[PDB]
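let me see the structure of the following:
(chains A, B, C and D)
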Protein chains: 4
Amino acid sequence: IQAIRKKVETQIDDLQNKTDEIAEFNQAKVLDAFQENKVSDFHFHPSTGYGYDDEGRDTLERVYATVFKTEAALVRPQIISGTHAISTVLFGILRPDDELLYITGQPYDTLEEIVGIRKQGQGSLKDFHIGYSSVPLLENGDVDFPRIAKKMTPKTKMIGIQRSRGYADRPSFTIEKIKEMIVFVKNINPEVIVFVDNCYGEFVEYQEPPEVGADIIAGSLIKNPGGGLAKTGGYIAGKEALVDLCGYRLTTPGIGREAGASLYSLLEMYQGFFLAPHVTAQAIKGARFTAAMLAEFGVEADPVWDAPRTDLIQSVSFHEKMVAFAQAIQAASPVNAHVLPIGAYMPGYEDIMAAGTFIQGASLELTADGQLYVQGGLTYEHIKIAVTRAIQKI
Amino acid sequence: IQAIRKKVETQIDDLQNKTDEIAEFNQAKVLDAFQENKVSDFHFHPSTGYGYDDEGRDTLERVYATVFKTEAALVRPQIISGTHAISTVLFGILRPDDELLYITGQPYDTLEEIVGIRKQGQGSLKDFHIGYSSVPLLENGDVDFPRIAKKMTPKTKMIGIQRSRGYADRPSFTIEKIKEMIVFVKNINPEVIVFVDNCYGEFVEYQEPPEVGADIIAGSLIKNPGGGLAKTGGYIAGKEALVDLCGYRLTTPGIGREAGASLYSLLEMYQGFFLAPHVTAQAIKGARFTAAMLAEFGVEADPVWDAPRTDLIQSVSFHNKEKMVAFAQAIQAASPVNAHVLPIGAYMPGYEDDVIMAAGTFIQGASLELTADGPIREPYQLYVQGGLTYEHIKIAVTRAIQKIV
Amino acid sequence: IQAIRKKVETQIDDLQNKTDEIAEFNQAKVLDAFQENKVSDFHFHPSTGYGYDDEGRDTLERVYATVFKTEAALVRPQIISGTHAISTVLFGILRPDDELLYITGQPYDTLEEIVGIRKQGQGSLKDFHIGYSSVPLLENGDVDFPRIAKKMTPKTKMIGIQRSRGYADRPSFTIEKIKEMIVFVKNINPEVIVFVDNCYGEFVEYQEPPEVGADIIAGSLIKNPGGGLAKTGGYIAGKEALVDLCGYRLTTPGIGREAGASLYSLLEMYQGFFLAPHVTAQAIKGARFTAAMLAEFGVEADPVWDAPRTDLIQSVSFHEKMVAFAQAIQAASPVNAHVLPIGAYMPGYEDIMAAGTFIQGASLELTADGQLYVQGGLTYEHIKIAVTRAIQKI
Amino acid sequence: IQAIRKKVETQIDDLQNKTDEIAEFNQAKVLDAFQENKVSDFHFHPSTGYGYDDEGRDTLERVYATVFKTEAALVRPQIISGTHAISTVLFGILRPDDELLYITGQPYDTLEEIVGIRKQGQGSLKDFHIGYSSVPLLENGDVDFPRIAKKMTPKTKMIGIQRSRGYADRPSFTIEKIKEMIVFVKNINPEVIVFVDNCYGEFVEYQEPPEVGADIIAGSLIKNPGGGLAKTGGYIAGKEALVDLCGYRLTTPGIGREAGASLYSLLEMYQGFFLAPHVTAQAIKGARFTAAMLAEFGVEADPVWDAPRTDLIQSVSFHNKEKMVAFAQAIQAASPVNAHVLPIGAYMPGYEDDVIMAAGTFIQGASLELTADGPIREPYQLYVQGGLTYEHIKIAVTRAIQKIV
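Numbering: from 1, shown residues only, chains lettered A, B, ... in the order given. Sharing the structure here:
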């Protein structure tokens, strides 16, 4: 009903305005990154073959490095997903006898395969004699500092930090919480490399992990940083020598990041990055609206409408009952709205994905998969319409 | 200053909210047009060669027709600009001895060569013995209804209506005003064809001209309906019989709109149209912000922040050349592309005065993106409009003000 | 059988070598056109929006103008076919009360609609008070000079000449024959504009029509000049003022040829044009092979294996009997070889098209439509394989 | 002179005909692989995002697998060069404590950093405790069979075979020679994996290495199999189990080859592969023409015009720096792109001597197109090879000869 919406929208308005203040601040950050890097229409021209001397590619990378406050970045179609970006960081820096310690609990399913927990013999970190372990989180979702200290050894080269919750039933970690865990691990071993899986958190806060001490980060271009325009990809941002090592893994030793034809992907990647702060804000404002609206009809939601926000994720715990709502999201989507989803094989996961989008699997666009994790939306308007209609079914 | 912004943003907030209500209504309209036409990822596939049976292309046109409430539409990368879409409408429908009557005064100057009022032998309406004349507007900007009646004759096949003011010193015409003039010309001749140049007006109001009686409309995809994503293009929407004639002009007679490969443009056109209501709202909210901000520093704004809105146009008159040029430059300096390439007064072919143009955009000449331009002459009126995000506009305009205040 | 092929290939070899001499000469013509125009990788960059100052587009046009020996050219995706290019020439130059006289008989069907013979009221030349008539050919296929003289009036602004036969049962006109008719009409009225529909004839001979006196020519990019790489389009080449008039028709008066975004079509158009002489040669050598092979099994063919060649067209008069051969060509094609064609609606024609190609409707690729008109083939090898298999069925 | 050309072209004509017989056989092989896999225009459609269930991509790979007579293949724009395809094969299959043995002598220098013989800590085979060594060739260029037997051990998981000579002073290895060495290593260990770097050898002979026993091969799409149309890419073909491991290395473990959007590259890859046998023949016929022409003017050619051919490589040794540099320049001057940008001896990272490179091509670094390069030092050997048409090669080489004779 309209009445409820006037009530709910009035209620969340001061928090929507704060989100718009962050949006403006992050629009300026990015706008100034383009200015500092002298972005020109010349930087959108395609490169072919080996891709040597592609200034457009190099300049996009420098723009990302400036926004994320890192010395360098790798932003390319050659990186095919968020997972491939993350995996490029792990094999790029880790060597036989090194250990990787995930301090934020067990990471999202697909990493289980990359590290070697599942799918042994396929070229995982274990297959190359690189160790891995994770530190379970406490009952309330905080990290376990004394156990973290106990599991760091002289062979611990890297500390992994997953910012966003994914499907975990724990809260996503805010920048401040990440800073706290970074100060802790660096106190114990100042030479340990801190890596943050940053997916879904780009532009949600004023800061990103490198400025609070992360050495290297990675993420997906079909989420926040793509602005809904990047057709594929991932990014890596961090210290120069670490990005160089990622590049030798992405291509080959000797060559590295100097090669890789950009083809026709530059314009959209630049434009998308420029739009990212604003589109991320739409997703966050829609998340708050969704959280608030679902709460009105009794549905459990997490984070609640007035909770701190660090990423795009919004869960809505029905705990079948949800079927009419996830399918309802697809039905309020622009693409394949008539193709009602169901449970099926999702490559890299052992276990109803609403994905009526312009780009296959992109999730900065309105999506719903599950307690349905209902995130994204390129416009605040689309999210309000879709959620209002989905609720009006359930 | 941030304090002045606090005042202006709170002052204009009720109207920014009204704009967002329109954006949601227009987002739903488009979202439901996609769903009615069963848009699938199958419709983004490229076509090569002749482009026959390109379902993606034909579906996009049906989506446009549904949103605009017309029987048909022609939306193609082959239409190279808004002007090319309008000219296609004019030559597609008009034949020797027919007369076209523009009732909203003299149209934007590039239609001059198309109708035959400037240059000779280039293949204008005059070269093909098609007549043209415009009815001047009354001193306050309203149409002159008695003269409209006087100038309509049995040879009048088409009535032209330019919605947006462009550079003309007159208010843009709201849907309500456009409905008024449609009712008037239809009462004189129910079979006269009414055409509305709809550029910059798309999604600014709840309605478009066809639903208030317009027979056919045209526009540019590098403005409102492109959503900032369309790289080129134009659209034509209206009665099927008329759209078919437009198609024979755009390609050739016989074949018409059945032909035309889409190549790689479908995705951006669909996505751009879906984002159009929202992006248009950003442009409108930034215009109101520019109008209210500039008024606080004693600079004349037209339209004023609380005026009704039907298109994206927004000007500020500085009455000082140095301030106009510095503001324009400051807009370029606050744009994402070529921000380091500051404009100056340049010679424009055909005009006696220099023009200044801030256009640091992703797409060349695209105007749903933030731009600033105007002729260097009294009253030193700069058109500061467009913007893909309300954020970019606020940042750019706040900085531009800091340069000249 | 292999034996027959050794016999037939030996027989046509001196004529295949002559075709390769023309190919080399035309490869040099084009190579030197690129050199004279300083073609650089900079000329392949995409333009967006209005397309103003697109040097890549302008340079491609100048390269075509140099190859065809004309002052200027219009080569763009904005021209959607050979017919649209031809029609742009007719409406571009003709005005009310002018007459167009086709001296090579009735042109290909679709032009009937453009001129106004069929489809009246759709914006044809007649609808804009431009007259048209054609001069029938003599029983043997030669033009009728005394009748041509009789039908030229003081209102005749343009003389149309269709080089290729199309579906007509007459021979295609060689450059020499075209020169003869040009000298004749210019003797009668030196101010008459000569226009040649040049489709299928590009690079088949040492010369093109402008060098023998044609004022303006037009053709299709999905035939000879595209090299099999152009995804769509047409071209117009001729005197500067005439090309300017074509441009005002293609876009609008005032603007003209200075506008029209190139998007991603430049690289393929350049590369295709560079490959055109060589690919055209493959098509001609395959035509000769086909003509020779069909004659071995008694099938009437025209032109015969040893006839003069001016275009890619090869007819093979069975006069049902042909069904197993046109469908046989599709079945020896790389794309949709399993989709056996049949008779159906061909937009712009009132009356079994084999079109298993990379580009929809492209005919520099091996195609067969009908007396089956069997032309094209991007490689001489493909044509030999396809024809040998098609014959082995019939 | 035209007279010398008359002599050379008639002299080499029987062999040019042999090359064309191979081209027709190879054109039929590919044409039948398209037909076996039911290639439709549906397979050229772009995929975005994750690229899951991209039938166009999966079908192209099946087409490659059919042509190469392997169980599977990986052909992707994500493979950025031939070197990247080979490295993907090496890291995809090798694990700590395994040893790779190159039996055709020291491979092309960029594999040095990949195996760990140059540079440290970049993530080479050595950094992951994978062993490597090469068996030098006998003085005449044949492989050293006794040493091959000696160096193979229980740790030897893979045998490397570089078909093309590259810049090495030794003949390229024909399919027949490659079969000989495969039989030899398989007789020592039937389970040893045989890998063949197949670059420049595609469609030059009737067979490829897998059908003579090679377990897996790799190459570059900007060489032979690209047909001059592929803008970037690499391919890997071989046993399914091995191709799967390569896929996990190229993307990530678990996911592997199921992921990777094709974007806009499918059409050119299919069309390029279809044209590959024919374009390769142009390159081979031009090489023979260059070899015979240069021999007539007293310039040493290697290979000679009547030598067997297994790859596109062709060199001419001038024994004079000025002639080598002028010839190379003349090749640039006779190329379609950047013909006005003449090369000179340049510094190449890692090498002590200057290198000269004529590369006026449509695609950057593409070598199925006509190029000319070599180190500036005795015996002043220039590699003049590739060419999309036999016509371009004849024109360019005839002109280059006129500059130095």
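
end-to-end on stretch A:213-231?
End-to-end distance of stretch A:213-231 (Cα to Cα, to the nearest Å): 30 Å.

are it and chain C in contact anywhere?
No - Stretch A:213-231 is not in contact with chain C by Cβ under 8 Å from any Cβ of the partner chain; minimum separation 14.0 Å. No exception for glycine: its C-beta is placed from N, CA and C like everyone else's.

and that stretch, which residues are buried?
A:214-231 (16 or more other Cβ atoms under 10 Å in any protein chain shown).

give me the number of residues near the residue of the stretch 1-150 of chain A found nearest chain B?
For the stretch 1-150 of chain A, the residue positioned closest to chain B under Cβ to the nearest Cβ is residue A:27, at a distance of 3.7 Å. Around residue A:27 sit 25 other residues, with neighbours defined as other Cβ atoms under 10 Å in any protein chain shown.

dump the residue contacts of it.
In this structure, residue A:27 makes contact with A:277-278, B:389, B:391-392, B:395, judged by Cβ atoms under 8 Å, 6 or more residues apart in numbering or on different chains.

hmm, try it at 10 Å
With contact set as Cβ atoms under 10 Å, 6 or more residues apart in numbering or on different chains, residue A:27 has these partners: A:203, A:274-278, A:281, B:389-396.

excluding chain neighbours, what is closest to the residue of the stretch 101-250 of chain A found nearest chain D?
Closest residue of the stretch 101-250 of chain A to chain D, Cβ to the nearest Cβ: residue A:113 (2.9 Å). Counting by Cβ to Cβ, 6 or more residues apart in numbering or on different chains, the nearest residue to residue A:113 once its immediate chain neighbours are dropped is residue D:254, at 2.9 Å.

quick check on the residue nearest to the spatial centre of chain A: phi, psi?
Most central residue of chain A, judged by C-alpha distance to the mean C-alpha position with Cα atoms, centre = their mean, is residue A:199 at 1.1 Å. The phi/psi pair for residue A:199 (degrees, to the nearest 10) reads phi -50, psi 130.

wait, doesn't it sit right on residue A:111?
No - taking contact to mean Cβ atoms under 10 Å, the distance of 11.4 Å between residue A:199 and residue A:111 leaves them out of contact.

which residues are common contacts for these two?
Shared contacts of residue A:199 and residue A:111, defined by Cβ under 10 Å, 6+ apart, comprise A:83, A:86, A:162, A:166.

now do the second one: how many residues are near it, please.
Read it as residue A:86. For residue A:86, the neighbour count with other Cβ under 10 Å is 28.

for the one helix or strand it maps to, name the packing helices and strands.
In this structure, residue A:86 is located in helix A:82-93 according to DSSP states H and E. Counting contacts by 3 or more Cβ pairs under 10 Å, 6 or more residues apart in numbering or on different chains; DSSP states H and E, helix A:82-93 packs against strand A:72-76, helix A:109-115, strand A:156-162, strand A:193-197, strand A:216-220, strand A:234-238, helix A:240-250, helix D:240-250.

other SSEs contacting the second one?
In this structure, helix A:109-115 makes packing contacts with helix A:82-93, strand A:99-102, strand A:131-134, strand A:156-162, judged by 3+ Cβ pairs under 10 Å, 6+ apart.

of these, which stretch is the most buried?
Highest mean neighbour count of the helices and strands packed on helix A:109-115: helix A:82-93, a mean of 25 (counted as mean count of other Cβ atoms under 10 Å in any protein chain shown).

now it, how far from the chain's geometric center?
From the chain centre to the centre of helix A:82-93 is a distance of 14 Å (Cα atoms, centre = their mean, to the nearest Å).

and that helix with strand A:193-197, angle?
Regarding helix A:82-93 and strand A:193-197, their directions subtend 170 degrees when assessed with axes from the mean of the first three to the mean of the last three Cα atoms, to 10 degrees.

mind listing what the closest residue to chain C within chain A touches?
Taking Cβ to the nearest Cβ, chain C has its nearest neighbour within chain A at residue A:45, 4.4 Å off. If a contact means Cβ under 10 Å, 6+ apart, then residue A:45 has A:54-56, A:262, A:264, A:266-267, C:41-42, C:44-46 as its contacts.

among these, name the buried ones.
For these, a burial check counting by 16+ other Cβ under 10 Å picks out A:54, A:56, A:262, A:264, A:266-267, C:41, C:44-46.

now the end-to-end length of stretch A:301-311.
Between the opening and closing residues of stretch A:301-311 lies a distance of 15 Å (Cα to Cα).

buried set for it?
Judged by neighbour count (16+ other Cβ under 10 Å), stretch A:301-311 contains these buried residues: A:301-303, A:305, A:309-311.

can you check stretch A:115-122 too?
Buried residues in stretch A:115-122, counted by 16+ other Cβ under 10 Å: A:115-119, A:122.

now do the contacts for residue A:275.
Residue A:275 sits next to A:27, A:30, A:225-229, A:282, A:364, A:378, B:228-229, B:275, B:279, B:336, B:362, B:388-389, B:391-392 when contact means Cβ under 10 Å, 6+ apart.

please redo it, this time with the cut-off set to 8 Å
A:227-229, B:388-389.

so residue A:240 makes contact with residue A:71?
Yes - under the contact definition of Cβ atoms under 8 Å, residue A:240 touches residue A:71, with a separation of 4.4 Å.

quick check: residue A:277 touching residue A:21?
No - judged on Cβ under 8 Å, residue A:277 makes no contact with residue A:21 at a distance of 11.3 Å.

so which of the two has more stuff around it?
Just comparing residue A:277 and residue A:21: by other Cβ under 10 Å the higher neighbour count belongs to residue A:277, 28 against 12.

so what's the more buried one up against?
For residue A:277, the contacting residues are A:23, A:26-27, A:29-30, A:203, B:389, B:391, taking Cβ under 8 Å, 6+ apart as the criterion.

and chain A, what are its domains?
Following curated CATH domains, chain A resolves into domains at A:1-47+A:262-394, A:48-261.

span of the longest one from start to end?
Distance across domain A:48-261, first residue to last, is 5 Å (Cα to Cα).

how far is that domain from where the chain is centred?
Counting by Cα atoms, centre = their mean, domain A:48-261 is centred 11 Å from the centre of its parent chain.

again, but for the shortest one
Relative to the mean C-alpha coordinate of its chain, domain A:1-47+A:262-394 is positioned 13 Å out (Cα atoms, centre = their mean).

would you mind measuring the gap between the ends of that domain?
Terminal-residue distance, domain A:1-47+A:262-394 (Cα to Cα): 13 Å.

and for stretch A:217-226?
The first and last residues of stretch A:217-226 sit 16 Å apart, counting by Cα to Cα.

closest point of the stretch 201-350 of chain A to chain D, which residue?
Among all residues of the stretch 201-350 of chain A, residue A:254 sits closest to chain D, at 2.9 Å; criterion: Cβ to the nearest Cβ.

contacts only, for residue A:143.
For residue A:143, the contact set (Cβ under 8 Å, 6+ apart) comprises A:103-104, A:135, A:137, A:177, A:181.

also residue A:310?
A:163-164, A:172-175, A:201, A:204-205.

who's residue A:218 bridged to?
Beta-bridge partners recorded for residue A:218 (DSSP bridges): residue A:197, residue A:236.

thought it was touching residue A:92?
No - shown here, residue A:218 and residue A:92 do not form a contact pair, counting by Cβ under 8 Å, at 10.1 Å.
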